[PDB]
Structure formats: structure tokens, C-alpha cells
$ cat entry34.txt   # compact mmCIF, N, CA and C atoms
# COMPACT_ATOMS: atom_id res chain seq x y z
N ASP A 434 -36.43 14.82 -76.12
CA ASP A 434 -37.77 14.65 -75.59
C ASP A 434 -37.88 13.32 -74.86
N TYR A 435 -37.51 12.24 -75.53
CA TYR A 435 -37.59 10.93 -74.90
C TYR A 435 -36.77 10.88 -73.63
N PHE A 436 -35.62 11.53 -73.62
CA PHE A 436 -34.76 11.41 -72.45
C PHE A 436 -35.30 12.23 -71.29
N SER A 437 -35.47 13.53 -71.49
CA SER A 437 -35.98 14.39 -70.43
C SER A 437 -37.34 13.94 -69.94
N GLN A 438 -38.05 13.11 -70.69
CA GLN A 438 -39.30 12.60 -70.17
C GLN A 438 -39.11 11.75 -68.91
N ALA A 439 -37.90 11.26 -68.66
CA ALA A 439 -37.66 10.36 -67.53
C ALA A 439 -36.98 11.06 -66.36
N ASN A 440 -36.78 12.37 -66.44
CA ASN A 440 -36.26 13.22 -65.37
C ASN A 440 -35.18 12.55 -64.54
N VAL A 441 -34.18 11.95 -65.19
CA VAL A 441 -33.17 11.20 -64.45
C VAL A 441 -32.42 12.10 -63.49
N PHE A 442 -32.21 13.36 -63.85
CA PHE A 442 -31.40 14.28 -63.05
C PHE A 442 -32.19 15.55 -62.80
N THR A 443 -32.45 15.86 -61.54
CA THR A 443 -32.88 17.20 -61.19
C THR A 443 -31.74 17.90 -60.48
N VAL A 444 -31.81 19.23 -60.47
CA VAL A 444 -30.69 20.06 -60.05
C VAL A 444 -31.02 20.73 -58.73
N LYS A 445 -30.10 20.64 -57.78
CA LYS A 445 -30.19 21.40 -56.56
C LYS A 445 -29.23 22.58 -56.65
N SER A 446 -29.36 23.51 -55.72
CA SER A 446 -28.54 24.71 -55.70
C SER A 446 -27.42 24.55 -54.68
N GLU A 447 -26.51 25.52 -54.68
CA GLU A 447 -25.38 25.55 -53.76
C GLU A 447 -24.57 24.26 -53.89
N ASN A 448 -23.92 24.16 -55.04
CA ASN A 448 -23.00 23.07 -55.32
C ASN A 448 -22.10 22.80 -54.13
N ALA A 449 -22.08 21.55 -53.67
CA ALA A 449 -21.31 21.23 -52.47
C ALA A 449 -19.82 21.42 -52.70
N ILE A 450 -19.35 21.14 -53.91
CA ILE A 450 -17.92 21.18 -54.21
C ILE A 450 -17.38 22.58 -53.97
N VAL A 451 -18.26 23.58 -54.01
CA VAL A 451 -17.85 24.94 -53.73
C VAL A 451 -18.30 25.39 -52.34
N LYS A 452 -19.31 24.75 -51.76
CA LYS A 452 -19.61 25.01 -50.36
C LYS A 452 -18.39 24.61 -49.56
N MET A 453 -18.07 23.32 -49.56
CA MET A 453 -16.77 22.92 -49.05
C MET A 453 -15.70 23.46 -49.98
N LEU A 454 -14.45 23.38 -49.52
CA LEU A 454 -13.32 23.99 -50.21
C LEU A 454 -13.42 25.51 -50.16
N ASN A 455 -14.54 26.02 -49.67
CA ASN A 455 -14.62 27.45 -49.44
C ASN A 455 -14.32 27.78 -47.98
N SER A 456 -15.06 27.18 -47.06
CA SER A 456 -14.91 27.52 -45.66
C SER A 456 -14.03 26.54 -44.89
N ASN A 457 -12.80 26.30 -45.35
CA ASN A 457 -11.80 25.73 -44.46
C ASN A 457 -10.42 26.33 -44.61
N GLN A 458 -10.14 27.05 -45.70
CA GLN A 458 -8.94 27.88 -45.89
C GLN A 458 -7.65 27.27 -45.35
N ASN A 459 -7.46 25.96 -45.51
CA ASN A 459 -6.24 25.31 -45.06
C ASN A 459 -5.60 24.52 -46.20
N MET A 460 -5.60 25.08 -47.40
CA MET A 460 -5.00 24.42 -48.56
C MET A 460 -4.46 25.49 -49.50
N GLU A 461 -3.76 25.03 -50.54
CA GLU A 461 -3.14 25.93 -51.48
C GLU A 461 -4.19 26.79 -52.18
N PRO A 462 -3.99 28.11 -52.19
CA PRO A 462 -4.99 29.00 -52.77
C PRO A 462 -4.86 29.23 -54.27
N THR A 463 -4.85 28.16 -55.05
CA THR A 463 -5.23 28.21 -56.46
C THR A 463 -6.37 27.26 -56.76
N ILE A 464 -6.37 26.12 -56.07
CA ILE A 464 -7.45 25.15 -56.03
C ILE A 464 -8.75 25.91 -55.90
N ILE A 465 -8.69 27.00 -55.13
CA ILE A 465 -9.68 28.06 -54.98
C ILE A 465 -9.87 28.65 -56.36
N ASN A 466 -10.45 29.83 -56.48
CA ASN A 466 -10.21 30.68 -57.66
C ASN A 466 -10.17 29.94 -59.00
N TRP A 467 -9.68 28.69 -59.02
CA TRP A 467 -9.69 27.87 -60.23
C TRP A 467 -10.92 26.99 -60.25
N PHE A 468 -11.07 26.10 -59.26
CA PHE A 468 -12.38 25.52 -59.06
C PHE A 468 -13.39 26.62 -58.88
N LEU A 469 -12.95 27.79 -58.42
CA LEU A 469 -13.96 28.82 -58.21
C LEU A 469 -14.42 29.45 -59.51
N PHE A 470 -13.55 29.51 -60.52
CA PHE A 470 -13.96 30.07 -61.79
C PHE A 470 -14.46 29.03 -62.78
N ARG A 471 -14.35 27.75 -62.47
CA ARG A 471 -14.81 26.76 -63.43
C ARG A 471 -16.27 26.36 -63.25
N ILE A 472 -16.78 26.40 -62.02
CA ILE A 472 -18.10 25.85 -61.75
C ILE A 472 -19.19 26.78 -62.23
N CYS A 473 -19.74 26.50 -63.41
CA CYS A 473 -20.83 27.30 -63.92
C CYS A 473 -22.16 26.77 -63.41
N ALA A 474 -23.18 27.63 -63.46
CA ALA A 474 -24.51 27.20 -63.08
C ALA A 474 -25.04 26.17 -64.07
N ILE A 475 -26.12 25.50 -63.69
CA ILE A 475 -26.63 24.37 -64.46
C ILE A 475 -28.14 24.34 -64.37
N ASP A 476 -28.80 24.22 -65.52
CA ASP A 476 -30.23 23.99 -65.58
C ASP A 476 -30.48 22.83 -66.53
N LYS A 477 -31.16 21.80 -66.04
CA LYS A 477 -31.23 20.48 -66.66
C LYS A 477 -31.33 20.51 -68.18
N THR A 478 -31.98 21.53 -68.72
CA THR A 478 -32.16 21.66 -70.16
C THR A 478 -30.84 21.67 -70.92
N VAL A 479 -29.72 21.77 -70.22
CA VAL A 479 -28.42 21.52 -70.82
C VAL A 479 -27.93 20.11 -70.50
N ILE A 480 -28.26 19.61 -69.31
CA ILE A 480 -27.90 18.25 -68.92
C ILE A 480 -28.52 17.28 -69.91
N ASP A 481 -29.81 17.39 -70.09
CA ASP A 481 -30.55 16.52 -70.98
C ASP A 481 -30.26 16.78 -72.41
N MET B 723 -5.22 13.30 -17.83
CA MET B 723 -5.56 12.41 -18.93
C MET B 723 -5.58 13.13 -20.26
N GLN B 724 -5.97 14.40 -20.27
CA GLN B 724 -6.20 15.10 -21.52
C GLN B 724 -4.93 15.17 -22.37
N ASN B 725 -3.84 15.63 -21.78
CA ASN B 725 -2.64 15.91 -22.55
C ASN B 725 -1.83 14.64 -22.72
N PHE B 726 -1.82 14.10 -23.91
CA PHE B 726 -0.96 12.95 -24.14
C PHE B 726 -0.03 13.13 -25.33
N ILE B 727 -0.50 13.75 -26.40
CA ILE B 727 0.38 14.04 -27.53
C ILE B 727 1.34 15.13 -27.08
N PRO B 728 2.63 14.86 -26.99
CA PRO B 728 3.56 15.90 -26.56
C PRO B 728 3.65 16.98 -27.62
N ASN B 729 3.83 18.21 -27.16
CA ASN B 729 3.85 19.32 -28.09
C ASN B 729 5.21 19.52 -28.72
N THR B 730 6.29 19.32 -27.97
CA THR B 730 7.63 19.40 -28.52
C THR B 730 8.53 18.43 -27.77
N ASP B 731 9.76 18.30 -28.26
CA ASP B 731 10.75 17.43 -27.64
C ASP B 731 12.06 18.18 -27.42
N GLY B 732 11.98 19.46 -27.10
CA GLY B 732 13.18 20.21 -26.81
C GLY B 732 13.69 20.99 -28.00
N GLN B 733 14.74 20.48 -28.63
CA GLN B 733 15.41 21.24 -29.68
C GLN B 733 14.50 21.43 -30.89
N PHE B 734 14.51 22.64 -31.44
CA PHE B 734 13.77 22.91 -32.66
C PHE B 734 14.62 22.47 -33.82
N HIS B 735 15.14 21.27 -33.73
CA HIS B 735 16.24 20.86 -34.59
C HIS B 735 16.00 19.53 -35.29
N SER B 736 15.40 18.55 -34.64
CA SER B 736 15.05 17.28 -35.25
C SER B 736 13.70 16.80 -34.73
N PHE B 737 12.72 17.70 -34.67
CA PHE B 737 11.48 17.39 -33.96
C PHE B 737 10.50 16.56 -34.77
N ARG B 738 9.96 17.12 -35.85
CA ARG B 738 9.06 16.38 -36.73
C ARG B 738 7.81 15.84 -36.05
N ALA B 739 6.86 16.72 -35.74
CA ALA B 739 5.64 16.38 -35.00
C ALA B 739 4.95 15.11 -35.47
N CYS B 740 4.18 14.50 -34.56
CA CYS B 740 3.61 13.16 -34.70
C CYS B 740 2.99 12.92 -36.06
N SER B 741 3.04 11.67 -36.52
CA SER B 741 2.61 11.35 -37.87
C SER B 741 1.80 10.08 -37.87
N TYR B 742 0.88 9.95 -36.93
CA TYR B 742 -0.02 8.82 -36.95
C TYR B 742 -1.28 9.17 -37.71
N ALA B 743 -1.97 8.15 -38.19
CA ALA B 743 -3.17 8.37 -38.97
C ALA B 743 -3.95 7.07 -39.02
N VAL B 744 -5.17 7.16 -39.53
CA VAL B 744 -5.99 5.98 -39.76
C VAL B 744 -6.17 5.80 -41.25
N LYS B 745 -6.06 4.56 -41.70
CA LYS B 745 -6.32 4.16 -43.06
C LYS B 745 -7.62 3.39 -43.07
N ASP B 746 -8.49 3.71 -44.03
CA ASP B 746 -9.83 3.16 -44.08
C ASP B 746 -10.14 2.69 -45.49
N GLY B 747 -9.25 1.88 -46.05
CA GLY B 747 -9.44 1.43 -47.41
C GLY B 747 -9.25 2.56 -48.40
N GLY B 748 -8.02 3.02 -48.53
CA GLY B 748 -7.73 4.12 -49.43
C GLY B 748 -7.81 5.46 -48.72
N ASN B 749 -9.00 5.80 -48.23
CA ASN B 749 -9.16 7.05 -47.50
C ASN B 749 -8.22 7.10 -46.31
N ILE B 750 -7.75 8.30 -46.01
CA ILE B 750 -6.75 8.51 -44.98
C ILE B 750 -7.15 9.70 -44.14
N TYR B 751 -7.08 9.54 -42.82
CA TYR B 751 -7.34 10.65 -41.91
C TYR B 751 -6.11 10.82 -41.03
N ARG B 752 -5.41 11.93 -41.21
CA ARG B 752 -4.30 12.23 -40.32
C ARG B 752 -4.85 12.70 -38.98
N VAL B 753 -3.94 12.97 -38.05
CA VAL B 753 -4.32 13.41 -36.71
C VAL B 753 -3.73 14.76 -36.34
N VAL B 754 -2.61 15.15 -36.92
CA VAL B 754 -1.97 16.40 -36.56
C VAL B 754 -2.32 17.54 -37.50
N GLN B 755 -2.69 17.26 -38.74
CA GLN B 755 -2.92 18.31 -39.73
C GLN B 755 -3.93 17.80 -40.74
N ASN B 756 -5.09 18.43 -40.82
CA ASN B 756 -6.07 18.08 -41.83
C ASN B 756 -6.80 19.35 -42.24
N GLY B 757 -6.64 19.73 -43.51
CA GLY B 757 -7.17 20.98 -44.01
C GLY B 757 -8.69 21.08 -43.99
N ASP B 758 -9.38 20.07 -43.47
CA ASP B 758 -10.82 20.15 -43.34
C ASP B 758 -11.20 21.24 -42.35
N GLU B 759 -12.27 21.97 -42.66
CA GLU B 759 -12.73 23.02 -41.77
C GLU B 759 -13.24 22.41 -40.46
N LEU B 760 -13.65 23.30 -39.55
CA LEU B 760 -14.00 23.06 -38.14
C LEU B 760 -12.76 23.01 -37.25
N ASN B 761 -11.56 23.24 -37.79
CA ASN B 761 -10.34 23.30 -37.00
C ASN B 761 -9.74 24.70 -37.12
N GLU B 762 -10.28 25.63 -36.34
CA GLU B 762 -9.97 27.05 -36.50
C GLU B 762 -8.48 27.26 -36.27
N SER B 763 -7.79 27.73 -37.30
CA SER B 763 -6.41 28.17 -37.15
C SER B 763 -6.34 29.30 -36.14
N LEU B 764 -5.45 29.16 -35.16
CA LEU B 764 -5.36 30.10 -34.06
C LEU B 764 -4.62 31.36 -34.49
N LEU B 765 -5.17 32.50 -34.12
CA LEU B 765 -4.55 33.78 -34.42
C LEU B 765 -3.93 34.32 -33.13
N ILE B 766 -2.73 33.84 -32.82
CA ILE B 766 -2.02 34.33 -31.66
C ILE B 766 -1.27 35.59 -32.06
N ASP B 767 -0.96 36.42 -31.07
CA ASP B 767 -0.44 37.75 -31.34
C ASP B 767 0.62 38.09 -30.31
N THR B 768 1.77 38.53 -30.79
CA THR B 768 2.91 38.85 -29.94
C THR B 768 2.54 39.85 -28.86
N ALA B 769 1.55 40.69 -29.14
CA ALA B 769 1.26 41.86 -28.31
C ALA B 769 1.03 41.51 -26.85
N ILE B 770 0.93 40.22 -26.53
CA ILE B 770 0.74 39.81 -25.15
C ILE B 770 1.94 40.22 -24.32

$ encode --input "entry34.txt" --output "C-alpha cells"
Amino acid sequence: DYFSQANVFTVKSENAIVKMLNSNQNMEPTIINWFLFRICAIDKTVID
Amino acid sequence: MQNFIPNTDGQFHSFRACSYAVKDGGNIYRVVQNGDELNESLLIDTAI
């Protein structure tokens, strides 16, 4: 309660780390699929 | 004026295309190959 009261982190959508590394296709294709399967969605109620 | 980086040097034997780059305090930007997007890999086709 005390922490989330200060809203230190709000969440935006479309994680950049997956926006990029998606549309350039000039690297080893496991970095894909692996970073691609690790990035789960996030809603601050887990951050806080 | 446009063409200055030579494309080849004859024999496909000891060529090793240009390897200049800029260093910017750790960060490095090559000039001949960079997997960053906006550099569309060309789809050439023998059928010509």
C-alpha cells in the first residue's frame, strides 16, 4: 500500500525490446523465439 | 562522387570487405554490416 501509493512505475504497452529485434531479421534466430517466449505481460500490481 | 567504397578487388580469394567503423565510448557502429533494421536485405534472383 505504502509503495504503490507513490506510483513510481506505470506500464506502457508494446514492449520495445520485442518491437525491435522483431523487424530487422539480420541476426541469429534463437535470440528471437527465446526473447520471444520470455517476455510476459506486466500489470503494475505485480511490479509493486 | 557517390561510389567510393569498392565492391570487390578481383579474386574471390583474399578479399575481406571493408572493416571501418566508429567508436563512441563503448558503443560501436560498423559501416558494412549492421543487423539493425531499415537496411532491406536484397532479394536478387537468378531468373534475370

$ interface_residues --input "entry34.txt" --of "chain B" --to "chain A" --cutoff "7 Å" --atoms "only C-alpha atoms" --output "ChimeraX atom specification"
/B:757-759

$ atom_distance --input "entry34.txt" --atom1 "CA of residue 471 (chain A)" --atom2 "CA of residue 448 (chain A)"
12.1 Å

$ select_by_dssp --input "entry34.txt" --residues "chain A" --states "helix (DSSP H, G or I)" --output "list in words"
residues 437, 438, 439, 449, 450, 451, 452, 464, 465, 466, 467, 468, 469, 470 and 471 of chain A

$ atom_distance --input "entry34.txt" --atom1 "atom C of residue 735 (chain B)" --atom2 "atom N of residue 765 (chain B)"
24.9 Å

$ atom_distance --input "entry34.txt" --atom1 "CA of residue 466 (chain A)" --atom2 "atom N of residue 760 (chain B)"
19.9 Å

$ closest_residue --input "entry34.txt" --among "A:467, A:481, A:476, A:462" --to "residue 441 (chain A)" --atoms "only C-alpha atoms"
A:481

$ residues_around --input "entry34.txt" --residues "residue 740 (chain B)" --least-positions-apart "3" --cutoff "10 Å" --atoms "only C-alpha atoms" --output "ChimeraX atom specification"
/B:727-730,737,743,752-755

$ axis_aligned_box --input "entry34.txt" --around "region 434-441 of chain A" --padding-each-side "6 Å" --output "JSON"
{"center_x": -35.9, "center_y": 12.6, "center_z": -69.8, "size_x": 18.9, "size_y": 16.5, "size_z": 24.6}

$ decode --input "entry34.txt" --residues "region 435-462 of chain A" --atoms "N, CA, C and O atoms" --output "CSV table (one decimal), in the first residue's frame"
chain,number,residue,atom,x,y,z
A,435,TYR,N,1.8,1.3,1.0
A,435,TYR,CA,2.7,2.5,1.0
A,435,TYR,C,3.4,2.7,-0.3
A,435,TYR,O,3.7,3.8,-0.7
A,436,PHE,N,3.9,1.6,-0.9
A,436,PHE,CA,4.7,1.7,-2.1
A,436,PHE,C,3.9,2.2,-3.3
A,436,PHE,O,4.1,3.2,-3.9
A,437,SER,N,2.9,1.4,-3.6
A,437,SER,CA,2.0,1.7,-4.8
A,437,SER,C,1.4,3.1,-4.6
A,437,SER,O,0.9,3.6,-5.6
A,438,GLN,N,1.3,3.6,-3.4
A,438,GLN,CA,0.8,5.0,-3.3
A,438,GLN,C,1.6,6.0,-4.0
A,438,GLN,O,1.1,7.1,-4.3
A,439,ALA,N,2.9,5.7,-4.3
A,439,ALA,CA,3.7,6.7,-5.0
A,439,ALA,C,3.9,6.5,-6.5
A,439,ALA,O,4.7,7.1,-7.1
A,440,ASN,N,3.2,5.5,-7.0
A,440,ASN,CA,3.1,5.2,-8.5
A,440,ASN,C,4.5,5.4,-9.2
A,440,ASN,O,4.5,6.1,-10.2
A,441,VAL,N,5.5,4.8,-8.6
A,441,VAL,CA,6.8,5.0,-9.2
A,441,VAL,C,6.9,4.5,-10.6
A,441,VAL,O,7.6,5.1,-11.5
A,442,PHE,N,6.2,3.5,-11.0
A,442,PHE,CA,6.3,2.8,-12.3
A,442,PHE,C,4.9,2.7,-12.8
A,442,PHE,O,4.0,2.0,-12.2
A,443,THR,N,4.6,3.3,-14.0
A,443,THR,CA,3.4,2.9,-14.7
A,443,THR,C,3.9,2.2,-16.0
A,443,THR,O,5.0,2.3,-16.4
A,444,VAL,N,3.0,1.4,-16.6
A,444,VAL,CA,3.3,0.5,-17.6
A,444,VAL,C,2.7,1.0,-18.9
A,444,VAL,O,1.6,1.3,-19.0
A,445,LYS,N,3.6,0.9,-20.0
A,445,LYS,CA,3.1,1.2,-21.3
A,445,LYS,C,3.1,-0.2,-22.0
A,445,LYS,O,3.5,-1.2,-21.5
A,446,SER,N,2.4,-0.2,-23.2
A,446,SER,CA,2.3,-1.4,-24.0
A,446,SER,C,3.3,-1.5,-25.1
A,446,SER,O,4.1,-0.5,-25.3
A,447,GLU,N,3.3,-2.6,-25.8
A,447,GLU,CA,4.2,-2.8,-26.9
A,447,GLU,C,5.7,-2.6,-26.4
A,447,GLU,O,6.3,-1.6,-26.7
A,448,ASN,N,6.1,-3.5,-25.6
A,448,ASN,CA,7.5,-3.6,-25.1
A,448,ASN,C,8.5,-3.3,-26.3
A,448,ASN,O,8.4,-4.0,-27.3
A,449,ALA,N,9.4,-2.4,-26.1
A,449,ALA,CA,10.3,-2.0,-27.2
A,449,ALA,C,11.2,-3.1,-27.5
A,449,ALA,O,11.6,-3.4,-28.7
A,450,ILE,N,11.6,-3.9,-26.5
A,450,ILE,CA,12.6,-4.9,-26.6
A,450,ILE,C,12.1,-6.0,-27.6
A,450,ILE,O,12.9,-6.7,-28.2
A,451,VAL,N,10.8,-6.1,-27.8
A,451,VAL,CA,10.3,-7.0,-28.8
A,451,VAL,C,9.8,-6.3,-30.0
A,451,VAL,O,9.6,-6.9,-31.1
A,452,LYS,N,9.5,-5.0,-29.9
A,452,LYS,CA,9.2,-4.2,-31.1
A,452,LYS,C,10.5,-4.3,-32.0
A,452,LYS,O,10.5,-4.9,-33.1
A,453,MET,N,11.6,-3.7,-31.5
A,453,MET,CA,12.9,-4.0,-32.1
A,453,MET,C,13.2,-5.5,-31.9
A,453,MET,O,12.6,-6.2,-31.1
A,454,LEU,N,14.2,-5.9,-32.6
A,454,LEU,CA,14.6,-7.4,-32.6
A,454,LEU,C,13.5,-8.2,-33.3
A,454,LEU,O,13.7,-9.4,-33.5
A,455,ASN,N,12.4,-7.6,-33.6
A,455,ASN,CA,11.4,-8.3,-34.4
A,455,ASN,C,11.6,-7.9,-35.9
A,455,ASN,O,11.8,-8.8,-36.7
A,456,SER,N,11.5,-6.6,-36.2
A,456,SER,CA,11.6,-6.2,-37.6
A,456,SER,C,12.9,-5.7,-38.0
A,456,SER,O,13.1,-4.6,-38.5
A,457,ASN,N,14.0,-6.6,-37.9
A,457,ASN,CA,15.2,-6.4,-38.7
A,457,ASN,C,15.8,-7.6,-39.2
A,457,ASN,O,16.6,-7.6,-40.1
A,458,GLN,N,15.4,-8.8,-38.7
A,458,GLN,CA,15.7,-10.1,-39.2
A,458,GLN,C,17.2,-10.3,-39.8
A,458,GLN,O,17.4,-10.9,-40.8
A,459,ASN,N,18.1,-9.7,-39.1
A,459,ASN,CA,19.5,-9.8,-39.5
A,459,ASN,C,20.4,-10.3,-38.4
A,459,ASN,O,21.5,-9.8,-38.2
A,460,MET,N,19.9,-11.3,-37.6
A,460,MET,CA,20.7,-11.8,-36.5
A,460,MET,C,20.3,-13.3,-36.3
A,460,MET,O,19.3,-13.8,-37.0
A,461,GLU,N,21.0,-14.0,-35.4
A,461,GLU,CA,20.8,-15.4,-35.2
A,461,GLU,C,19.3,-15.6,-34.7
A,461,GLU,O,18.9,-15.0,-33.8
A,462,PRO,N,18.6,-16.5,-35.3
A,462,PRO,CA,17.2,-16.8,-35.0
A,462,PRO,C,17.0,-17.8,-33.8
A,462,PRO,O,16.3,-18.7,-34.0
